[PDB]
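Two versions of one and the same chain are coming, encoded as structure tokens; call them structure 1 and structure 2.
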Structure 1
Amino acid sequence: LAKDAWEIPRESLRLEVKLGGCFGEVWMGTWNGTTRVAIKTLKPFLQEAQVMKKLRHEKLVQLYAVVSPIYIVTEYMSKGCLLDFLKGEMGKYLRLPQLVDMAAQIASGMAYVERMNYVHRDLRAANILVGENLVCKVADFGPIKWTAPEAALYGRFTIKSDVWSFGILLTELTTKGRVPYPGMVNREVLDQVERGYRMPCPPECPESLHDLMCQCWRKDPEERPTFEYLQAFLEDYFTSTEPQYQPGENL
């Protein structure tokens, strides 16, 4: 087999609560008595896994250990997935300031991914974890509504198709987690997007933010901005772009 230094014995990990699981499971845990961990199990050819292993940033959930059945052990994110957090109870309270911040953190995790010349491929709220203090981190590196046309169609996945998903995740954030392209089914979305349709400005969301969404959704992957542009524009949002923002009923 020839394991690397990420490998531990199955006996080192103590599984406790179940937390969520179609293709496997997700548990809270304790690692050799001292350390709280999450544990992602798989249903019974890796690396692939060389991606979780080589990436290390503050806004990406940190791998701790892997096993061989196959287990993936990681830092524990206490608030679960962003999709659930947003449509749960602490969703009627989120306003644009908190939401753009959560958006700024994911852009930064993804800016790292970009400097490293990697691609995520399934960026969306279901794959962002939330911890204490509204910290967000990108997870689950390894459906078409989040996917850029050129990649749903021609397998052409790139950092720039990730940008596109980012823009879809922006509609998730600003709708408190609604499925995008509401009332449309996968085929209508593919057919309508190919023809130039784009989700309109979400209720109460500023135009300049919807405009960021539209940049993210350009037909030519190249004219989509970087995650580094995204990260910077989002962090500075309330001084440089909406200095006169005021809270409304929902945002």
Structure 2
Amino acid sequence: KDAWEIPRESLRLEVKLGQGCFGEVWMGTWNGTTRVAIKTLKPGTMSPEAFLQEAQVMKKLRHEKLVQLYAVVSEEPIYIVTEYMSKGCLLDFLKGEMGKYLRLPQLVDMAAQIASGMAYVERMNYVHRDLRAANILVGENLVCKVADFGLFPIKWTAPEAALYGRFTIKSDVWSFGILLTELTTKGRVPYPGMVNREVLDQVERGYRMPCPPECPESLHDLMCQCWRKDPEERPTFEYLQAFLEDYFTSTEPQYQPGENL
């Protein structure tokens, strides 16, 4: 009954983009011209209303850097329709075919954009809770919008959050820090060699990932700020954003392309 609603014939489903649990996700077309992402609910796997809270959140949160809702079909069988992103998941992009051509100049820009999506979230007093490369869509021209696949993310989760449920925009900040290391190691799992329980323990003793190879000390220092023990000493997304946009003039003016970054 809202103006997001569309006829069922406007949507063609072409390629299965992955069977999740509660339904499928499909690439396809809306009104026969527009490449579209389509989210299916398998009737009686989930309260309709509850599948549709996803669409409700994406109505309030609108930004050039957030994944964008286009339309809904809201009566069973339900469809949720959002913009297609040609490159898919950041994480697969980082570790696949484009992997090897990305350099520091492209990765900082991707991070610049994510921060920026995250700044809109900061301004809206929303909280992501699972910020990380698996939850970023990439599009044409290295465009990166913040997203959530519904998708235990402990290695990316601020300790106050993994320990005491204290999830805030500051614990999102901490994941951004980890996300930066996925960006700078081209998709590698952080804390290589460690396992969930030894991450919780060593991180609480103050251990942090060291500078990845070929990564400028100043980007790693930015990481290190994101990973301060105290939620409040962590930077805002507005700092992170401004800093990354300006990186190559203000912090690495002398920067020189290497084998991998």
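Please note that residue numbering is based on structure 1, beginning with 1 at the start of its sequence. So that the term is clear: the rigid core is the largest set of C-alpha atoms that superpose within 1.5 Å between two forms.
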>> Given a cut-off of 2 Å on Cα movement between structure 1 and structure 2, rigid core as reference, pick the single residue from 215, 62, 32, 186 that exceeds or meets it.
In response: 32
> Rigid core fitted, then: does residue 12 show a CA shift of 2 angstroms or greater between structure 1 and structure 2?
Replying inline: yes
>> Core superposed first, then measure: what is the displacement of the CA of residue 52 between structure 1 and structure 2, in Å?
In response: 1.7
